[PDB]
Amino acid sequence: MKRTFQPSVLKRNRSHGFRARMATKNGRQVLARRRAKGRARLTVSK
Amino acid sequence: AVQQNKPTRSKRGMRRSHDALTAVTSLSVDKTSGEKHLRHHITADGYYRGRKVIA
Amino acid sequence: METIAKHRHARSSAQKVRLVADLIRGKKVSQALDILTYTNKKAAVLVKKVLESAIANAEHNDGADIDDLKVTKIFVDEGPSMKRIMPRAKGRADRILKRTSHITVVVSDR
Amino acid sequence: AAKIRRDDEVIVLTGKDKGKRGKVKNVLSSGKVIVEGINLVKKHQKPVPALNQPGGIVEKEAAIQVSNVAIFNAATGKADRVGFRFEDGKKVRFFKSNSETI
RNA sequence: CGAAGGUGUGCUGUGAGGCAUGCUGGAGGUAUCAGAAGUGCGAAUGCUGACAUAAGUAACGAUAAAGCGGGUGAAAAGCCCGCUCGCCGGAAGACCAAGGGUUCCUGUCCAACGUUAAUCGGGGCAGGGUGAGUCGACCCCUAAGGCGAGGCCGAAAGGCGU
RNA sequence: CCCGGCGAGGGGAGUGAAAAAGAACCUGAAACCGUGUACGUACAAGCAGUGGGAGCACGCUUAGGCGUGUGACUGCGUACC
């Protein structure tokens with residue numbers, strides 16, 4: 001039976017990558033929150 | 001179907017009162033080599049009833 | 001003079017090892033070895049090794065004679081358990097216990 | 001500066017070797033010293049085929065706390081304390097019982 | 001010349017309690033009179049950890065299937081070699097993209113992992129292995145769509161477009 | 001040094017004030033699981049105790065008692081919130 005997750009690297013990076021986060025004002029707020037919490041990984045980009 | 005009350009250790013033991021093992025009564029002695037073996041079986045060196053069968 | 005030998009953290013259940021331990025309580029050592037050699041159980045091998053270790057200790061460290069020894073005490077106690085996971089139907093998980101035992105044998109010339 | 005230095009002669013103040021004398025061999029950074037013939041221990045040493053070294057039970061010195069030793073004064077034959085002062089343009093140590101330079 | 005804490009025994013008050021002492025332990029305890037409270041647990045299908053019962057009971061994952069001789073080893077139904085038997089064959093054969101990332105080859109080990117044993121493994125440890133002018137990517141060109149100097153519009157944030 | 005698979009695990013020797021301080025290492029409670037000893041139990045019906053009460057084993061002893069463990073037989077008796 002076909003399930004929900006079906007991977008694709010190009011789509012992953014175009015959806016949740018560093019440059020996509022930087023291109024909008026709310027994405028920068030996501031980055032600021034995560035830097036303030038002190039995460040070791042900031043985005044999904046390798 | 002499941003229990004309504006927890007059984008006791010006394011009941012556990014009463015049920016297990018039939019679980020003991022039995023030992024072998026005695027062994028046999030070959031008439032030529034002198035080894036001990038299970039009756040009607042061959043010995044560990046290859047004898048049965050005084051004759052060498054397996055080399 | 002009594003001599004001890006032990007096997008700690010053995011891979012078996014104490015309930016299973018006691019069935020074999022009960023066969024040789026109070027026997028002479030030669031008779032006990034003969035009994036253990038013709039028992040078709042896995043616990044028999046382990047118990048036999050422990051008995052042989054006890055006899056060798058009594059010969060080397062205490063200067064005993066083989067023909068005078070008897071199995072004066074023997075017992076099994078429970079040890080730590082390992083915990084594992086086993087999946088079942090419809091995304092439900094169950095726990096598995098892997099049990100161990102300690103085995104103790106005491107020989108004496110009295 | 002430091003009151004106890006390498007190549008000094010000292011006397012032991014506390015422990016199983018209370019009263020013995022010896023020479024300081026080297027000074028460690030944790031606050032301990034190795035003195036010659038003092039505080040011996042028996043080590044069970046495993047053989048190692050490399051280096052052609054066999055095993056055996058060895059006797060060797062162990063480190064002792066520096067505040068448990070004292071500088072020895074040969075003139076008096078007793079333990080002493082140390083002080084510092086300037087004499088020409090350089091710093092020196094002196095015994096406190098008689099005020100003589102070391 | 002043995003503190004708190006742990007485990008027994010004797011005595012004592014109407015009760016919550018108190019006093020003495022044997023064994024274990026190895027460095028702290030605290031009279032009397034006053035002062036302050038995170039001050040007393042059996043229940044809330046209470047919260048976290050440990051351990052029972054059912055029980056040595058159910059089960060061991062497609063009914064394609066195995067037999068025998070020799071080798072190694074502490075130990076061989078399951079590993080290596082040989083001879084027979086059986087199963088698929090528009091696949092249960094061969095080569096790729098997507099996805100994964102050392103699982104590939106050689107030596108050595110059997111605690112844990114393998115729903116059983118294991119000398120075996122896609123397991124543990126160490127060493128080796130990917131060679132391009134012509135195969136691909138990068139590069140030149142554009143589709144749907146995206147961004148967008150000036151520009152139009154909108155309390156701010158922003159929206160649409162050359 | 002010894003048994004064992006050139007294992008796992010253990011017994012000696014030795015260190016140390018101490019090894020039931022041995023690396024799964026200060027103290028080491030309770031639930032839960034065993035080995036040994038004394039007494040009871042295979043014609044007997046229920047909240048398992050309480051009142052009465054033989055017999056057996058064992059320790060003192062003023063040889064008179066007494067203490068502690070077990071408990072056949074018998075009156076009464078349907079948990080807690």
Side-chain angles (χ1 to χ4, degrees), chain A residues 3 5-12 14-15 19-20 22-26 28-29 46, chain B residues 1-19 21, chain C residues 1-19 21-22 25-26 33 41-64 66 71-89 94-107, chain D residues 15-16 39-46 55-60 62:
Chain A
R3 300 285 167 203
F5 185 47
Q6 307 290 328
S8 170
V9 177
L10 182 75
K11 267 161 80 136
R12 178 168 201 88
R14 276 183 188 168
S15 279
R19 286 179 75 73
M22 287 301 279
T24 299
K25 181 217 68 146
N26 278 122
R28 304 200 228 90
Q29 263 144 25
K46 158 167 73 163
Chain B
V2 64
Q3 68 206 13
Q4 269 183 19
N5 303 95
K6 176 178 164 169
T8 58
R9 48 175 78 90
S10 166
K11 270 183 266 171
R12 188 178 59 210
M14 279 175 191
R15 176 174 69 249
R16 287 181 194 170
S17 100
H18 287 284
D19 286 354
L21 277 35
Chain C
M1 223 72 71
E2 322 195 319
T3 311
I4 291 264
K6 302 210 265 253
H7 182 357
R8 286 177 91 246
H9 303 275
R11 258 289 105 201
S12 208
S13 191
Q15 183 183 353
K16 281 176 203 172
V17 193
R18 284 167 186 157
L19 293 173
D22 300 322
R25 195 179 265 113
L33 291 160
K41 294 283 208 183
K42 177 172 93 111
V45 188
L46 300 164
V47 176
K48 199 180 183 196
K49 288 191 132 205
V50 181
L51 177 69
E52 275 166 17
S53 200
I55 287 155
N57 285 335
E59 284 161 38
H60 188 259
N61 302 323
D62 299 329
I66 295 90
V71 172
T72 207
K73 297 176 186 158
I74 183 167
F75 44 99
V76 192
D77 283 346
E78 327 193 329
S81 318
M82 309 169 195
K83 312 216 183 338
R84 307 288 188 241
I85 285 148
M86 176 138 159
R88 307 291 293 257
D94 281 5
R95 181 90 67 258
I96 291 273
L97 292 168
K98 269 145 132 52
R99 299 175 172 277
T100 71
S101 44
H102 308 317
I103 308 167
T104 292
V105 178
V106 192
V107 288
Chain D
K16 66 177 163 139
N39 217 26
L40 293 170
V41 305
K42 290 181 222 213
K43 167 135 198 89
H44 299 52
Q45 180 77 71
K46 203 67 176 213
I57 298 164
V58 191
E59 254 205 358
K60 60 207 273 272

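Quick note on labels: first sequence line is chain A, next is B, and so on, each numbered from 1. Below, all heavy atoms of this structure are taken into account, side chains as well, without hydrogens, waters or symmetry copies.
- Taking 3.5 Å as the limit, the base of F/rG7 and the side chain of C/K49 contain a donor-acceptor pair of atoms between them.
- Heavy-atom nearest nucleotides on RNA chain E were determined for C/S81 and for C/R88, and the one closer to the 5' end corresponds to C/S81.
- When distances are taken from the side chain of C/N61 to each of F/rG10, F/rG12, E/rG56, the shortest belongs to F/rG12.
- If you check every strand for non-hydrogen atoms under 4.0 Å, B/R16 touches sugar and phosphate atoms only.
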field: Protein-to-nucleotide contact annotation, 5' to 3' order, nucleotides 40-49 of chain F [B base; S sugar-phosphate only; - none; under 4.0 Å, heavy atom]
entry: ----------
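- Side-chain contact between C/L97 and C/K83 is present, with heavy atoms from C-beta onward closer than 4.5 Å.
- The residue among C/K73 and C/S53 whose nearest nucleotide of RNA chain F lies closer to the 5′ end is C/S53.
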message: Wobble G-U and Watson-Crick pairs count when both distances are under 3.5 Å; given that, what is the 5' to 3' dot-bracket string of RNA chain E, with | for pairing to other strands?
response: ....((((((((....)))))))).........................................((((((.......))))))...................((((((...((.....)).))))))......................(((....)))..
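- Of all the heavy atoms in C/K6 and C/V50, the pair that sits closest is N-CG1, 4.2 Å.
- Using a 4.0 Å cut-off, no side-chain N or O of A/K11 falls inside it from OP1 or OP2 of E/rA98.
- At least one side-chain heavy atom of C/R11 sits under 4.5 Å from a side-chain heavy atom of C/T100.
- Screening residues 47-63 of chain C for side-chain hydrogen bond (donor to acceptor under 3.5 Å, both in side chains) gives C/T3-C/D62, C/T37-C/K48 as the qualifying pairs, with residues at least two apart or on separate chains.
- Across the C1' atoms, E/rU53 and E/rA92 are found 47 Å apart, a figure rounded to whole Å.
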What are the atom names and distances for every N/O pair under 3.5 Å that joins the protein to nucleotides 24-33 of chain F?
unit_1 : atom_1 : unit_2 : atom_2 : d
F/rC33 : OP1    : B/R12  : NH1    : 3.1
F/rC33 : OP1    : B/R12  : NH2    : 3.1
F/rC33 : OP2    : B/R9   : NE     : 3.4
F/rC33 : OP2    : B/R9   : NH2    : 3.1
F/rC33 : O2'    : C/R18  : NH2    : 3.3
F/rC33 : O2'    : C/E78  : OE2    : 3.1

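- Taking A/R19 as the reference, nothing meets the salt bridge (charged side-chain N to carboxylate O under 4.0 Å, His left out) condition, with sequence neighbours excluded.
- Residues meeting the salt bridge (charged side-chain N to carboxylate O under 4.0 Å, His left out) test with B/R9, sequence neighbours left out: none.
- Judged by ring centres under 5.5 angstrom and plane angles under 30°, E/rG136 stacks onto its neighbour E/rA137.
- With P as the reference atom, E/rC51 and E/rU57 are 23 Å apart, rounded to whole Å.
- The salt bridge (charged side-chain N to carboxylate O under 4.0 Å, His left out) check on B/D19 picks up nothing, with sequence neighbours excluded.
- In terms of position on RNA chain F, the residue among C/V76 and C/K6 whose nearest nucleotide sits closer to the 5' end is C/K6.
- A search for side chain to side chain contact (heavy atoms under 4.5 Å, CB included) contacts involving C/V106 returns C/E2, C/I4, C/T72, C/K73, C/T104, not counting sequence neighbours.
- Taking side-chain N and O atoms only, B/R15 has a distance below 4.0 Å to OP1 or OP2 of E/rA54.
- Under the ring-ring contact (aromatic ring centres under 6.0 Å, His included) criterion, C/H102 pairs with C/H9, sequence neighbours left out.
- Straight-line distance between the P atoms of E/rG131 and E/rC109: roughly 34 Å, to the nearest whole Å.
- Residue-to-nucleotide contacts include no donor-acceptor pair under 3.5 Å from the side chain of A/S8 to the base of E/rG99.
- When each of E/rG56, F/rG10, E/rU115 is scored by its nearest atom to the side-chain atoms of C/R8, the top-ranked nucleotide is F/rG10.
- Scored by the side chain to side chain contact (heavy atoms under 4.5 Å, CB included) test, A/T24 finds no partners at all (sequence neighbours excluded).
- Among the atoms of the strands shown, base atoms are found under 4.0 Å from some heavy atom of C/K16.
- Within 4.0 Å (heavy atoms only), B/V2 reaches no atom of the nucleic acid at all.
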Listing time: all N or O pairs from protein to nucleotides 111-113 of chain E that are below 3.5 Å?
unit_1  : atom_1 : unit_2 : atom_2 : d
E/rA112 : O3'    : C/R84  : NH2    : 3.2
E/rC113 : OP1    : C/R84  : NE     : 3.2

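- Comparing the P positions of E/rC19 and F/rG16 gives an interatomic distance of 44 Å, to the nearest angstrom.
- Looking at residues two or more places apart in sequence or on another chain, you find no side-chain hydrogen bond (donor to acceptor under 3.5 Å, both in side chains) involving B/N5.
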